[PDB]
Structures are given as C-alpha cells and as structure tokens.
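S.K.: PDB entry and its sequence, pasted below:
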Amino acid sequence: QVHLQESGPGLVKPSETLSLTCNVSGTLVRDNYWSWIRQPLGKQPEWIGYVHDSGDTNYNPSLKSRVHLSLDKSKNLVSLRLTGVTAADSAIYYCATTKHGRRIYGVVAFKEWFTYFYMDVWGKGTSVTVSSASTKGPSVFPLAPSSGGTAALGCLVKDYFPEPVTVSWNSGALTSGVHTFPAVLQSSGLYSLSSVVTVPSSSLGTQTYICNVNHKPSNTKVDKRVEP
Amino acid sequence: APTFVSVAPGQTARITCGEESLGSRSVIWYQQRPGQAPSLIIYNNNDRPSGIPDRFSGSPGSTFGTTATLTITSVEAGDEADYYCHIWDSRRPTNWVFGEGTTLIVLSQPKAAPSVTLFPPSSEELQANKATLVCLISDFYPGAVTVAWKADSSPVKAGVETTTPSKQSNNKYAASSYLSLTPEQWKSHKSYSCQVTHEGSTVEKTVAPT
Amino acid sequence: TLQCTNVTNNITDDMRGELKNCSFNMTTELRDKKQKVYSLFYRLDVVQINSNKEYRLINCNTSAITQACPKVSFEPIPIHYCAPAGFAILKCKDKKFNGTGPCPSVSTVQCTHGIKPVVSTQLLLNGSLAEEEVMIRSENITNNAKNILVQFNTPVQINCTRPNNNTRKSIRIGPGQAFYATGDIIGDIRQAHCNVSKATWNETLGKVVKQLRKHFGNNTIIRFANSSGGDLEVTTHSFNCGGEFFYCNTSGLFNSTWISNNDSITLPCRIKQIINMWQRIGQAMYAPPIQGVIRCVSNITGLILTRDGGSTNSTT
Amino acid sequence: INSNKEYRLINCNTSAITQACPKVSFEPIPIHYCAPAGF
Ligand SMILES: *[C@@H]1O[C@H](CO)[C@@H](O[C@@H]2O[C@H](CO)[C@@H](O[C@@H]3O[C@H](CO[C@H]4O[C@H](CO[C@H]5O[C@H](CO)[C@@H](O)[C@H](O)[C@@H]5O)[C@@H](O)[C@H](O[C@H]5O[C@H](CO)[C@@H](O)[C@H](O)[C@@H]5O[C@H]5O[C@H](CO)[C@@H](O)[C@H](O)[C@@H]5O)[C@@H]4O)[C@@H](O)[C@H](O[C@H]4O[C@H](CO)[C@@H](O)[C@H](O)[C@@H]4O[C@H]4O[C@H](CO)[C@@H](O)[C@H](O)[C@@H]4O[C@H]4O[C@H](CO)[C@@H](O)[C@H](O)[C@@H]4O)[C@@H]3O)[C@H](O)[C@H]2NC(C)=O)[C@H](O)[C@H]1NC(C)=O
Ligand SMILES: *[C@@H]1O[C@H](CO)[C@@H](O[C@@H]2O[C@H](CO)[C@@H](O[C@@H]3O[C@H](CO[C@H]4O[C@H](CO)[C@@H](O)[C@H](O)[C@@H]4O)[C@@H](O)[C@H](O[C@H]4O[C@H](CO)[C@@H](O)[C@H](O)[C@@H]4O[C@H]4O[C@H](CO)[C@@H](O)[C@H](O)[C@@H]4O)[C@@H]3O)[C@H](O)[C@H]2NC(C)=O)[C@H](O)[C@H]1NC(C)=O
Ligand SMILES: *[C@@H]1O[C@H](CO)[C@@H](O[C@@H]2O[C@H](CO)[C@@H](O[C@@H]3O[C@H](CO[C@H]4O[C@H](CO)[C@@H](O)[C@H](O)[C@@H]4O)[C@@H](O)[C@H](O[C@H]4O[C@H](CO)[C@@H](O)[C@H](O)[C@@H]4O)[C@@H]3O)[C@H](O)[C@H]2NC(C)=O)[C@H](O)[C@H]1NC(C)=O
Ligand SMILES: *[C@@H]1O[C@H](CO)[C@@H](O[C@@H]2O[C@H](CO)[C@@H](O[C@@H]3O[C@H](CO)[C@@H](O)[C@H](O[C@H]4O[C@H](CO)[C@@H](O)[C@H](O)[C@@H]4O)[C@@H]3O)[C@H](O)[C@H]2NC(C)=O)[C@H](O)[C@H]1NC(C)=O
Ligand SMILES: *[C@@H]1O[C@H](CO)[C@@H](O[C@@H]2O[C@H](CO)[C@@H](O[C@@H]3O[C@H](CO)[C@@H](O)[C@H](O)[C@@H]3O)[C@H](O)[C@H]2NC(C)=O)[C@H](O)[C@H]1NC(C)=O
Ligand SMILES: *[C@@H]1O[C@H](CO)[C@@H](O[C@@H]2O[C@H](CO)[C@@H](O)[C@H](O)[C@H]2NC(C)=O)[C@H](O)[C@H]1NC(C)=O
Ligand SMILES: *[C@@H]1O[C@H](CO)[C@@H](O[C@@H]2O[C@H](CO)[C@@H](O)[C@H](O)[C@H]2NC(C)=O)[C@H](O)[C@H]1NC(C)=O
Ligand SMILES: *[C@@H]1O[C@H](CO)[C@@H](O[C@@H]2O[C@H](CO)[C@@H](O)[C@H](O)[C@H]2NC(C)=O)[C@H](O)[C@H]1NC(C)=O
Ligand SMILES: *[C@@H]1O[C@H](CO)[C@@H](O[C@@H]2O[C@H](CO)[C@@H](O)[C@H](O)[C@H]2NC(C)=O)[C@H](O)[C@H]1NC(C)=O
Ligand SMILES: *[C@@H]1O[C@H](CO)[C@@H](O[C@@H]2O[C@H](CO)[C@@H](O)[C@H](O)[C@H]2NC(C)=O)[C@H](O)[C@H]1NC(C)=O
Ligand SMILES: *[C@@H]1O[C@H](CO)[C@@H](O[C@@H]2O[C@H](CO)[C@@H](O)[C@H](O)[C@H]2NC(C)=O)[C@H](O)[C@H]1NC(C)=O
Ligand SMILES: *[C@@H]1O[C@H](CO)[C@@H](O[C@@H]2O[C@H](CO)[C@@H](O)[C@H](O)[C@H]2NC(C)=O)[C@H](O)[C@H]1NC(C)=O
Ligand SMILES: *[C@@H]1O[C@H](CO)[C@@H](O[C@@H]2O[C@H](CO)[C@@H](O)[C@H](O)[C@H]2NC(C)=O)[C@H](O)[C@H]1NC(C)=O
Ligand SMILES: *[C@@H]1O[C@H](CO)[C@@H](O)[C@H](O)[C@H]1NC(C)=O
Ligand SMILES: *[C@@H]1O[C@H](CO)[C@@H](O)[C@H](O)[C@H]1NC(C)=O
Ligand SMILES: *[C@@H]1O[C@H](CO)[C@@H](O)[C@H](O)[C@H]1NC(C)=O
Ligand SMILES: *[C@@H]1O[C@H](CO)[C@@H](O)[C@H](O)[C@H]1NC(C)=O
Ligand SMILES: *[C@@H]1O[C@H](CO)[C@@H](O)[C@H](O)[C@H]1NC(C)=O
C-alpha cells in the first residue's frame, strides 16, 4: 500500500519562506517522480512542479524564481520551499506520486513526440494560510446532552485561527453517528466549528464520551469530557 | 467560469473541458470529491488505471478540432463530483494549470428533511462571561437554508452567524448557525428559538434556561 | 514586406522554425483599399531584410514570379518520340550495352517506348530497369569530371509522404488574378520524409560495387560519401510528388565503405514552393499549396554518381 | 459596395477588363467557308 502524508506550519507571514514536507510510507522516494499541487478555495488546481533524482527537476514558469524542490533519500521524504509568499499562495498543497508517459504521433526518430505526466496516488493534503495575524489557541466548551430512545451529544471549538481543526471521539473509538460541521469566520477574524454525535439515550454508564480537539498551528491538544 | 451538467441516474453523462484540440493530445482526467483530494480517472485520453470502471471513457486525442470529452455511462449518485482535465497538446505549451472543472449533478436525489439541533450555552462558557447558541443543520437537500433566531416571539437582528451549505459525500449538506449573547441576555427572556427555513417547510426548536 | 513569425507549436530551440507565419498588405480587386491577409511560407521561400521580424520572398531580388495554375499537373506521363517520313529510329536490343560501340542485335522502330519525363537529381526515379546485371555507363571513366550513370536491375521501393494537412487560402488579387496562400495546418507539425527498405538498398548497393570493381581493379576499396556542397538542387534528392517539390537528405544512402570482400531508411526532406529549375533565371514559379497529406510510391531505377580527384588512385 | 453612394465596375469582382479598340468594328460581313484540295 502507498500512503502519503503532508505536514507544514499552516500559517506563514507575508514575504517569508514557506516550508513543507511530504512524509512517504510504502515506497522509496528515489524510484519515483514527485509532484506538488496547490489549489485555492473555489479555483482549479495549479501544478507547482515535479522533482526527481539524477537532477531531473522542473518548475512552474509562473513561480519559477520563487519555488524550490528537493528529495531526502536518507529520511525518505519530499520537501518544498517557497520564498516571498503573498496572499495568492494561500491554498491546499498536495503531495502525489507521478508516472511518466510518452505520446508518439510522428516518426519517433525526428523527436516528433512529447512526454506527459499524471498523478495516480495523492495524499491527504495540508492547509496553508498566509496572514500577518498571530496564532490563537481555541477554547473548548462541552455541549450537554438534551433529548424517542435517542439523544444528542457534542462539543464546541470557539475562537481559533487558522484552519483547520481535527476532532475525534474517544481517541477514534467512535466513528458512527459523528457529524463535524465546517467552521464559521466571525467578524473578529476567528473561526468556530462544532461536532455532534448521535448516541442512544441509554448511557448511565458512565460511558465516558471524550472528544479530542487538536490544533496544529498552536500545538494545542485539549481533551474535554462531556457530562449531562 | 463555473459550469454544470445534470444527468438522470442510469443514463449517460458528458463533460467538456479545455480549449479545442490543435494537435495530437494526451488528455488526463481527474475527479475531486467535495472535501477530498483529486483522484486519477483517465490518463492518456482513454486509458484507465486499476480501480476505475469501464463506465468512464474519454474522447481520443487523435481528433483535430474537437474539445476533450469525458463520457460517463450508467450515472450513479456516487459520481456526483467535480471533474478537471490536464490538456497535453503537441501545439500548445505545457499547461501548469488544470482546465476549468465541470460539476456533475445527479438528479432525483430528490428531497431530504433537515435534521436541526439546538444547543444551549455551556456552564463553562458562562463563567467566562460569554454565551453562544448553536444550531446544527445536517442531512438536507438541496443546500439552501435560511436561519432566523427568536427571542420569545421577537426576532433577533444582530449576533447571528451562519455558515454556507456544504455537502459531504452524500445528499447531506452542512450548516451551522450561531447566536452570541451575554450571560445577562440569556437569563432575561423566557426562551429562544431556532427557526430553519428549508425549501418550503420551516422547522422550529426551542430552549429554556434552568 | 512580410511580417512573419514562427508557426504555432511548442519548442524546442532546435526546431529552427522552418515554417513562417507571414502577414502582409495586398491589393484587392479595387485599386484603392488594401488587404491585410496572412499566409504560410517555408523558410527556404523567405529571407529577412534589415520592431519585429520582417521578411521577403527569396526570388524578389533575383527575378519575377508567376504562380503555377492549379488546373495543370506535374505528373510525368509516357511520351513516345517518333521520326518523320524518310527517317527511322534504330533500337539496340542487347542485354549488355554501355551505350557506346557496335551493337550486335539492332532493330528499327518508328516510335520509341513511353518515356516519362521525370525531373530529378541524384536518384533516377521511375526509369527503365536494366537486364541481368546492373549496368554502369560513363563518357570517360578515367575522367573524374564525367558523371557515372547507373542503371538498376531490381527496383528499390521508395516511399515519400507529406505529413501536414495544409489549407489553401484563396486571397483575391483582382480583378481576375487570384493567389493561393497556405492557411493554418490541421494536426501535428511534422516534416516530409522518404523511406527506403534497408534490406533492398543493401543488396542493390552491394550489387553495384561488384560492377565497379570491374573498372577500378578487382581488389580495391569503394567508399560512398555525400555531396561536396553547393546548390540545394545538387546536394539533395530533388523531385516532384503530388505537386510539391521535395528536397531530401541523401546522407543515409551514401554512407558506406565496401572492401574487396529489418526496417526502413528515413530521409529528412525539405519543401520549397518558389523554384528555379533547369538553371533558369528570369522565370520563377510559385507552386501552389496542396490540400491533405500527400503520399507517393516510386521506383529507384538508377543513380548519378561522381568520383573525387584526391588520388592516391591505385588504392581506393 | 458598402457618405454618398459608392459604386464599382460590375466585372471587377469577376475578371479582368480590356477596352475594345475604336479602329475596329463589329459589323458582320459575309464569310465564305471553303474546303481544301481533295475535299
Ligand atoms: C517511414 O518509416 C518510419 C519509421 O519506420 C515511419 O515512422 C512511423 O510513423 C508511424 C505513423 O506515421 C508512427 O505510428 C505511430 O505510432 C505510435 C506508437 O505506436 C507504437 O507503440 C504502440 C504502443 O507502445 C507503447 O505501449 C506498449 C504497451 O502496450 C509498451 O510496451 C511500449 O513500450 C510503448 O510504451 C504499439 O502498440 C504500436 O504497435 C503497432 O504497430 C505494430 C506493427 O509494428 C502492430 O502489430 C500493433 O498492433 C500496433 O498497431 C496498432 O494495433 C492496434 C490495432 O490492431 C491499434 O489499436 C494500435 O493503436 C496500433 O496502432 C507501435 O509499436 C502510435 O501511438 C500512433 O498512433 C496513435 O496516434 C495517431 C496520431 O495521433 C492516431 O491517429 C492513432 O489513432 C493513435 O492514437 C491512439 O493512440 C494514442 C497513444 O496510445 C492514444 O493517446 C489515442 O487516444 C489513440 O488511442 C485511442 O484511440 C483509438 C482510435 O481507434 C482506439 O482504438 C484506442 O483503443 C484508444 O481508445 C502512430 O500509429 C510510428 O511511431 C513511426 N515510427 C516507427 C518506428 O514506426 C513512417 O511512418 C514511414 N513512412 C512511410 C511513408 O512509410
Ligand atoms: C512514379 O510512378 C508512380 C506510379 O505511377 C507515381 O505514383 C503516383 O503518385 C501520384 C501523386 O503524385 C498519384 O496521383 C494522385 O493520386 C491520388 C490518389 O488516387 C487515388 O484515387 C484513384 C482513383 O481516382 C485510385 O485509383 C488510386 O489508387 C488512389 O486511391 C489522386 O487523388 C490524385 O488526383 C488529383 O491529381 C490529379 C493530377 O494531379 C488530378 O487530375 C485530380 O483531379 C486530382 O486533383 C484534384 O483532386 C481534387 C478534386 O477531386 C481536388 O480537391 C484536389 O485539390 C486536386 O486539385 C492524383 O491522381 C498517382 O495516382 C500515383 N500513381 C499511381 C499509379 O497510383 C509516382 O508519383 C512517380 N514518381 C514521380 C517522381 O513522379
Ligand atoms: C498566423 O497568424 C495569424 C494572425 O495574423 C493567425 O490568425 C489569427 O488566429 C487567432 C487564433 O489564435 C484568431 O484569434 C481568434 O479570433 C476569433 C474571432 O472572433 C470571432 O468571434 C467573435 C465572437 O466571439 C466575433 O465578435 C468576432 O468578430 C469574430 O467573428 C475569436 O473568436 C477567438 O477567440 C477564442 O480564442 C481565445 C483565445 O484566448 C479564447 O479566449 C476565446 O474564448 C475563444 O475561444 C480568437 O481570439 C485571430 O482572429 C486570427 N487572425 C487573423 C487575421 O486571421 C493564425 O492563426 C496564425 N497561424 C499560425 C499557423 O500560426
Ligand atoms: C514543449 O516543449 C518543451 C521544450 O522546452 C518541453 O519541455 C522539455 O521537456 C524535456 C523532456 O521532454 C526536458 O528535457 C529533460 O531534461 C532533463 C535534464 O534536465 C532530463 O533528465 C530529462 O530526461 C527525462 O525525460 C526524457 C523525455 O523524453 C526521457 O526520455 C528520459 O528517460 C528522462 O526521463 C529530459 O531530457 C526539458 O528540460 C523541458 N524543457 C523545459 C523548458 O521545461 C515540453 O515537454 C513540451 N511540451 C509538449 C506538450 O510538447
Ligand atoms: C516499379 O517497378 C516494378 C517492378 O518490380 C514494376 O512492376 C512491373 O511492371 C511491369 C510493367 O511496367 C510488369 O510487366 C508486365 O508483365 C506482364 C506479365 O505477363 C506482361 O503481360 C505485361 O505486358 C508487362 O510486361 C511487371 O509484371 C511488374 N512487376 C510485377 C512484379 O508485377 C512497376 O510497374 C514499376 N512502377 C513504376 C514504373 O511506376
Ligand atoms: C500594411 O499597410 C498599413 C498601411 O495602411 C501599415 O500601417 C502603417 O504602418 C506604418 C509603418 O509600417 C505606420 O507608420 C502607420 O502609422 C501605419 N498606419 C497607417 C499608414 O494608416 C501596416 O504596417 C502594413 N502592414 C505590413 C506591412 O505588414
Ligand atoms: C538575392 O538575395 C539572396 C539571398 O539574400 C542572395 O543570396 C546570397 O548570396 C551571398 C553571396 O555573397 C551568400 O553569401 C548568401 O549566403 C546568399 N543568401 C542565401 C540566403 O543563400 C543573392 O546574392 C541576392 N542576389 C543579388 C543581390 O543579386
Ligand atoms: C512502401 O509502401 C508500400 C505500400 O504503400 C509498402 O508495401 C506494403 O508492405 C506491407 C508490408 O509491410 C504490406 O502489408 C502491404 O500490402 C504493402 N502494400 C502494397 C500496396 O503492396 C512498402 O512496404 C513500403 N516500403 C517502405 C520501405 O516503406
Ligand atoms: C555530409 O556529411 C557530413 C558528415 O559526415 C557533414 O559534415 C557535417 O557538417 C555539419 C555542417 O552542417 C557540421 O556541423 C558537422 O560537424 C559535420 N560533421 C562532420 C563529421 O564533419 C556534411 O555537412 C554533409 N554534407 C552535405 C552536403 O550533406
Ligand atoms: C543531412 O544529414 C546530415 C547527417 O544526418 C546532417 O549533418 C548534421 O549536421 C548538423 C549541423 O547542421 C550536426 O549537428 C550533425 O552532427 C550532423 N550529422 C552528422 C551525422 O554528422 C546535415 O545537416 C543534413 N542536412 C544537409 C543539408 O546536409
Ligand atoms: C554513417 O553510419 C555510421 C554507422 O555505421 C555512423 O556512425 C556513428 O558515429 C557516431 C560517432 O562518430 C556514433 O555516436 C554513432 O552511434 C554512430 N552510428 C551508429 C548507428 O552506430 C555515421 O555517423 C554515419 N555517417 C553519417 C554522415 O550519417
Ligand atoms: C484535413 O482537414 C480537412 C478539414 O480542414 C478535412 O476535411 C474533412 O474531411 C471529412 C471526411 O474526411 C469531412 O467529413 C469534413 O466535412 C471535411 N471538412 C471540411 C472543412 O471540408 C480532411 O479530411 C483532413 N485530412 C485528412 C487526411 O484527414
Ligand atoms: C461578383 O459580384 C456580382 C454582383 O454583386 C455577384 O453577383 C451576385 O450573385 C449573387 C449570388 O448569390 C446574387 O444573389 C446577386 O443578385 C448577384 N448580383 C447581381 C448584381 O446580379 C457575383 O456573385 C460576384 N462574384 C463573386 C463574389 O465571385
Ligand atoms: C516524517 O516522519 C518522521 C518519522 O517517520 C518524523 O521524524 C518527521 O518529523 C516527519 N516529518 C515532519 C515534517 O514532521
Ligand atoms: C522562433 O523559433 C526559433 C527557434 O530557434 C527562435 O530562435 C526564435 O526566436 C523564434 N522566433 C519567434 C518570433 O518566436
Ligand atoms: C578520357 O580522359 C583521359 C584523361 O582524363 C584522356 O586522356 C582521354 O583523352 C579522355 N578520352 C577518352 C579516353 O576517350
Ligand atoms: C548490410 O549493410 C551493412 C551496413 O549497413 C553492411 O555492413 C553489410 O555488409 C551489408 N550486408 C550485405 C549483405 O551487403
Ligand atoms: C574480377 O574477379 C572476378 C572473380 O572474383 C572475375 O569473375 C571478374 O571477371 C574479374 N574482373 C576483371 C578481371 O575485370
């Protein structure tokens, strides 16, 4: 199996240098091509460039003099560097394997052909937001259960920046009936989401329901227990 | 810029992307599920990798003067997503930007009753001199709702924060409505309500202090 | 004045353009307002003159130019030459005859066989095959200034194509006259080429060298090399196929060295529209563009070889 | 062809044009057709 995982800062100041890393598991980084793809909110994906061993590396002409790619054969991962970042670079950066192909239309010998690239195995992707504002830690508040034989239960992540926030229940021991809603950008410039779980009312237990809230840009991990 | 294609279930869907062909092409197609990462569907005009059914076919890159076409036979609700294409023309430079995507709409979903849930402010937040009402809206189709808060029988003008609808690998759209109040405001009125207007119906759930 | 640019394609820097997208002014039917129309000329047809790149027709500084009518064709048809009354044409019917000397078996005819006037260089196309062994004819073999006409016994299959779906733009330079320009190209930008079966060419060349040793010593080394240089009509295989005038690189046919004892050979072919054949000055013909991909299959029935003076004669 | 009315000669978009010489006349004169010897 081929698993790809992206990881970065999440928040980068203007006119700075963005640094990203694609942790690869299941294959070696030397026997494959590696490409990076970013995509702004509500726009089409933009190819950043591909990197390969033996010096075979090309970049995007529009971002030619700002981007830098590399391959760590010792740590088995893919890196990315973008100097002089702006608000236009705010997007979702993906890491995907790349297989090459050769389209022949002419007589081959007269170089009447061209090589095309295509990504088959993508990664989960990382979120990168460019803003001159500081990072703020979220404040988790428990949502008490209230009402058929069924009952509702959830948590609340209030005032944080920037996106996103990963929320799990009982360290991942509850994936049935979980619905995490997208956050809302308030006028203050802080996001706020919520996540509820549909559970049977029969929970005298105490069947301890602990939601796990994680915020990478602030390195914040808060474990909150919800009780009626 | 955005385009839409609606096709009845079980029928055939057709998708157009990129400019007209000028030379021999090698069109690469991609599918992007909402909230997920783009996945490979068809590379080299009409060559599908492992895991992709033969229902998905693309126009050959040997026809000069035609646009790239993605044909989807036996359209199902799972095929409802965005589709991008990467044009590789022998007359055009390397495109570092995918073509404008096309949204596939699977008709006859058809209707879905919204599941609203209203939560009162937490005891921990009230100690921080803050209060916030939460109205969770899910499992509703189509994604177009309007939320109006109520103080007893009087409507609430300000303090209302509502998210925009967003489907998640289903007919289920998501929407959250927040109402920022003060600890004094909460204990004031008798009860608050969360009236959600979807399509033609309006569901109302209330909440009372203790 | 032609404001030309590169044809629509995608690099490399080694593609050297070749095809030019020229835009220029033109006289309409009326003698007032002009006409801003564009055409597509080959690099061999144009030449720059000193803002963007401005060119001109390669013949404008040499002679006048007239366009060949699209009604007529340059397809070589058999022509029998006959002698009037009181005259006769004698025909030598021996299988071995170098064109000079007494003929044992002589016959008379009124009209010669159908001889197609195929205008070509280096490679003799669609000619009469020789009998038995391939023949070697020369006015003076000892003289390296005299050409050596070769005649084949078994024909060498040659295939030439024009992989470019051209478009004929008919701009009107009235009243009456009309110029046929070259429109945009439908499909891929490819260059003309000629294929020669490697197997056939190897046997034919080896069959000729065995005849060359009968005149240059039994145990000698025969080496083949490409042209020395000069005009394009001399250094390349000039011929006509489908109305176009090809100019092919023959460095792949004469690249060998013969001692005393499975695919096709592709040849780079250029195409010129403005020509001046028969070393004629004053009359330049502009060959009109041809729609669609052109294909032609011909017979290589002979060669026109020349020998060097560097000698070292009794050796190679 | 499309300020006042501007025109053109009706043949300018069809073919070239040459003026008939005023010296010659288009008056039909009797012409006897004859056959050569042996005919
Ligand atoms: C003078 O001499 C020179 C040199 O000798 C000569 O130059 C030659 O010119 C020709 C034409 O001008 C040129 O042909 C081209 O070749 C392209 C490559 O073909 C070769 O590779 C393929 C695949 O190999 C790859 O994949 C292998 C795994 O499968 C892998 O192991 C390889 O390493 C490699 O990666 C191979 O299949 C071909 O074999 C053919 O030839 C064999 C005989 O030698 C024959 O036995 C085979 O069966 C096969 O012939 C066909 O077989 C079936 C039918 O039975 C067809 O379905 C196949 O497609 C085969 O054609 C070669 O070894 C080739 O891709 C080019 O054809 C594409 O491009 C043109 C122009 O754009 C289109 O019009 C074509 O329709 C075709 O487009 C299809 O393919 C591309 C690429 O895959 C796709 O992107 C397209 O979308 C399209 O595919 C779709 O549409 C079709 C429509 O029907 C559909 O059927 C498909 O299912 C699909 O949905 C083109 O033919 C040749 O390269 C060149 N050089 C040499 C050395 O020959 C001059 O011509 C000579 N001049 C003269 C005058 O004589
Ligand atoms: C050495 O000898 C060989 C053998 O003779 C010779 O090969 C010949 O090549 C020429 C090309 O230069 C061929 O001529 C053309 O052939 C095509 C294809 O013919 C097909 O159709 C016929 C049926 O009619 C079939 O029998 C045949 O097998 C093919 O399938 C024709 O389409 C061409 O026609 C055009 O040109 C003619 C003369 O130029 C015109 O009279 C005719 O009207 C066509 O002109 C116009 O056509 C269109 C209108 O219909 C118009 O749109 C076009 O723009 C164009 O203006 C042409 O006949 C010839 O057939 C080959 N010989 C044989 C036996 O097939 C080599 O060329 C020769 N080598 C050298 C150096 O000369
Ligand atoms: C050699 O050089 C010549 C230039 O002299 C080239 O000729 C030009 O080719 C270009 C193609 O790239 C032509 O540009 C196109 O013009 C079209 C004409 O528009 C018509 O339609 C509109 C309504 O939409 C009318 O209002 C108008 O009056 C015309 O009737 C445009 O429609 C084209 O737009 C398309 O392409 C653009 C590209 O960005 C897209 O964004 C659009 O959405 C649309 O798809 C296009 O702009 C140009 O007109 C030609 N000029 C001449 C004088 O012919 C040759 O192509 C070139 N040849 C080679 C081989 O290099
Ligand atoms: C449009 O034209 C441009 C020409 O500028 C072309 O981009 C070029 O692509 C070639 C490869 O197709 C690049 O050349 C590479 O150079 C590196 C060294 O830096 C080599 O290691 C590469 O070798 C690999 O690729 C070969 C391709 O055939 C393989 O055969 C080989 O096995 C290796 O895998 C390769 O030679 C060149 O650097 C770029 N040029 C630029 C400016 O980017 C582009 O592909 C063309 N696009 C289309 C659609 O025609
Ligand atoms: C190119 O060369 C080939 C030779 O390989 C030519 O094919 C040959 O054409 C001749 C006619 O020019 C054929 O001769 C005929 O033979 C029959 C047999 O009975 C006879 O009845 C006829 O009167 C005529 O003499 C010959 O058979 C044929 N070769 C083969 C193998 O069929 C071809 O015509 C040449 N192409 C040109 C000159 O364009
Ligand atoms: C075709 O002719 C026109 C004239 O109508 C040219 O346009 C003029 O170009 C000159 C320089 O070449 C400028 O100084 C003028 O201002 C232009 N406009 C006029 C005279 O109205 C045009 O450049 C010509 N195109 C060619 C030669 O490709
Ligand atoms: C007409 O123009 C052509 C092309 O510019 C001239 O051909 C050049 O002749 C010189 C002779 O000294 C060569 O060095 C060049 O290489 C030739 N150019 C090309 C493109 O081959 C030709 O001499 C001109 N004729 C004149 C001025 O009478
Ligand atoms: C030149 O072209 C001719 C025909 O255009 C080729 O003859 C063909 O050879 C193939 C075998 O590869 C046969 O399947 C066809 O039936 C033949 N066609 C005819 C009309 O006989 C010939 O092989 C080509 N030669 C080269 C060197 O390209
Ligand atoms: C004949 O072939 C030789 C190669 O053996 C050609 O020599 C080359 O000429 C080019 C000039 O275009 C030089 O760049 C190369 O360095 C030369 N190669 C060698 C090995 O000397 C020569 O040009 C050819 N001549 C003709 C008329 O085709
Ligand atoms: C004909 O072909 C020969 C060889 O295929 C060409 O010679 C090449 O010339 C280029 C420079 O123009 C050199 O870079 C190559 O190294 C040469 N090839 C060889 C094998 O030496 C020649 O240019 C072609 N064209 C003409 C007109 O001769
Ligand atoms: C004639 O053919 C020979 C091959 O028999 C060519 O030799 C090439 O030489 C160069 C270096 O001198 C090598 O890099 C090539 O690999 C050789 N070719 C092959 C096929 O091995 C020679 O270049 C040819 N001459 C011309 C003028 O094309
Ligand atoms: C070259 O392009 C022309 C069009 O630019 C092609 O002509 C078409 O031919 C098909 C059938 O062959 C007809 O159905 C179309 O109506 C034609 N179009 C026009 C505008 O006439 C021609 O086929 C192309 N050449 C080749 C070899 O495919
Ligand atoms: C040249 O101009 C004449 C006159 O405008 C054109 O004749 C016209 O032809 C059309 C055919 O559709 C008729 O409907 C008109 O009635 C004709 N006009 C007159 C005055 O009779 C002729 O077609 C033109 N020739 C071209 C453009 O080649
Ligand atoms: C990638 O994973 C390795 C261990 O597998 C870890 O040491 C490294 O920190 C990871 N990369 C990033 C950027 O966290
Ligand atoms: C045309 O292409 C050649 C390729 O060598 C390049 O040198 C030249 O600058 C190009 N000219 C234009 C106008 O694109
Ligand atoms: C042929 O050339 C040689 C020397 O090149 C000369 O001596 C002789 O007179 C020429 N003519 C012949 C042999 O008929
Ligand atoms: C075939 O050609 C090769 C060179 O291309 C040559 O070495 C060989 O001797 C040839 N074979 C014959 C039988 O002439
Ligand atoms: C060359 O030698 C061959 C024998 O290998 C012989 O048949 C031929 O007649 C000789 N040619 C001469 C002597 O001119």
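M.R.: The structure has been received and is ready for your questions. Residues are numbered from 1 along each chain as shown, chains lettered A, B, ... in the order given. Ligands and ions are numbered 1, 2, ... in the order given.
S.K.: how near is residue A:105 to residue A:113?
M.R.: Distance, residue A:105 to residue A:113, using C-beta to C-beta, to the nearest Å: 7 Å. C-betas here are computed from N, CA, C, even on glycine.
S.K.: list the contacts for residue B:201?
M.R.: The neighbours of residue B:201, taking C-beta atoms under 8 Å, 6 or more residues apart in numbering or on different chains as the test, are residue B:113.
S.K.: so what's residue 37 bridging to?
M.R.: Using chain A here. Beta-bridge pairing for residue A:37 (DSSP bridges): residue A:47, residue A:94.
S.K.: right idea, wrong chain: chain C
M.R.: Taking DSSP bridges as the rule, residue C:37 bridges to residue C:24.
S.K.: which non-adjacent residue is nearest residue A:18?
M.R.: Nearest residue to residue A:18, sequence neighbours excluded (C-beta to C-beta, 6 or more residues apart in numbering or on different chains): residue A:82, at 4.1 Å.
S.K.: equivalent analysis for residue C:88, please.
M.R.: Using C-beta to C-beta, 6+ apart and skipping residues adjacent in sequence, the residue nearest residue C:88 is residue C:108, 5.2 Å away.
S.K.: one step back: helix, strand or coil for the residue nearest to residue A:18?
M.R.: Put simply, residue A:82 is strand when judged by DSSP: H, G, I helix; E, B strand; the rest coil.
S.K.: pretty sure the residue nearest to residue C:88 is touching residue C:87, no?
M.R.: No. Assessed by C-beta atoms under 8 Å, residue C:108 is found out of contact with residue C:87, at 10.5 Å.
S.K.: find the nearest non-adjacent residue to residue A:136, please.
M.R.: Nearest non-adjacent residue to residue A:136 (C-beta to C-beta, 6+ apart): residue A:161, at 5.0 Å.
S.K.: ranges for the helices of chain B?
M.R.: Per DSSP state H, chain B carries helices over the ranges B:123-126, B:183-186.
S.K.: got the contact list for stretch C:45-62?
M.R.: For stretch C:45-62, the external contacting residues (C-beta under 8 Å, 6+ apart) are C:1-5, C:20, C:22, C:41, C:44, C:65, C:272-274, C:276, C:281, C:284.
S.K.: list only buried entries from those residues.
M.R.: Buried members of these, scored by 16 or more other C-beta atoms under 10 Å in any protein chain shown, are C:2-4, C:20, C:22, C:41, C:44, C:272-274, C:276, C:284.
S.K.: any idea how far residue B:150 is from residue D:22?
M.R.: From residue B:150 to residue D:22 the distance is 104 Å (C-beta to C-beta).
S.K.: circling back to that earlier point, who are the contact partners of the residue nearest to residue A:136?
M.R.: Counting by C-beta under 8 Å, 6+ apart, residue A:161 makes contact with A:11, A:131, A:133, A:135-136, A:189-191, A:217.
S.K.: how many other residues sit next to the closest residue to ligand 4 within chain B?
M.R.: Going by C-beta to the nearest ligand atom, ligand 4 is nearest to residue B:94 of chain B, at 4.6 Å. Residue B:94 has 18 neighbouring residues, counting by other C-beta atoms under 10 Å in any protein chain shown.
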